[PDB]
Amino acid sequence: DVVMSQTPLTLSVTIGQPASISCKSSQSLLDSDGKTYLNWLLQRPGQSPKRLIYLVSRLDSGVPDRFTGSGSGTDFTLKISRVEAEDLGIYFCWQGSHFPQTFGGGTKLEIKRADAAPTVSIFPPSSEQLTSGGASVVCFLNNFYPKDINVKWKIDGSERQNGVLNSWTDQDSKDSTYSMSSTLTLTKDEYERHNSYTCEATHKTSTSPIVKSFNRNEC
């Protein structure tokens, strides 16, 4: 079983610069019919993969000369001479030369952009959910960049980890930012035992955490 080793796992490049992705197979990809079936695909956020290159270096119609595929035998390279906002997404190789066909692990390509502080919003439990003995406090940290970020919850001033669930989005195609959602779930009993609930973000764009909170007394 030919193994496709794709590297690196992630790439972060500035628009206009070159990007290089490598894919090495454990065995020669030269098929019996004299051809080398190495394909390069791009899977944008929320989209189904789309092929950009077939037969190692042939471009599919519409694909700019910026992209070039090269190599032979076992060492292949997808190359983008000048990167741009539309290129962000996941790239991966797919060999169809041997049975069974195999896919590379993938290379997430990130396009750098100007720094953005997360826009933070906190939401108390909905009335509809309190009527059932459940209380969820949702906090959104939207459109930020770089991606490294840290959210912390505080109940009446004390850090809280139990009942916290987080979820992150991939880099956005439009503005190239990242978003995050943190949800603190507790029982209505406990929710009513405390007053102030806080959501704190830690991001490069600020020295002090970016805080957002409310008081159960709606005060």
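Don't overthink the numbering: it's just position in the shown sequence, from 1.
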Completion exercise
Assert higher mean C-alpha B factor (173-181 or 35-43, deposited values) equals 173-181
Handout entry: Mean temperature factor over C-alpha atoms, higher-scoring stretch between 161-169 and 65-73
Key = 65-73
Handout entry: Deposited CA B-factor, highest of 137, 130, 149, 117
Key = 130
Fill in the blank from the handout: In this crystal structure's PDB entry, the residue among 102, 143, 81, 97 with the greatest CA B factor is 81
Exercise for the section: Divide the modelled residues of the chain into thirds by Cα B-factor and specify which third, lowest, middle or highest, holds residue 19. Expected result: middle
Exercise for the section: Relative to the other modelled residues of the same chain, rank the CA B-factor of residue 88 and answer lowest, middle or highest third. Expected result: middle
Problem - residue 52 by Cα B-factor - lowest, middle or highest third of the modelled chain - result: lowest
Exercise for the section: Can you work out whether the C-alpha temperature factor of residue 208 puts it in the lowest, middle or highest third of the chain? Expected result: highest
Exercise for the section: Comparing against every modelled residue in the chain, figure out the third that the C-alpha B-factor of residue 154 lands in (lowest, middle or highest). Expected result: middle
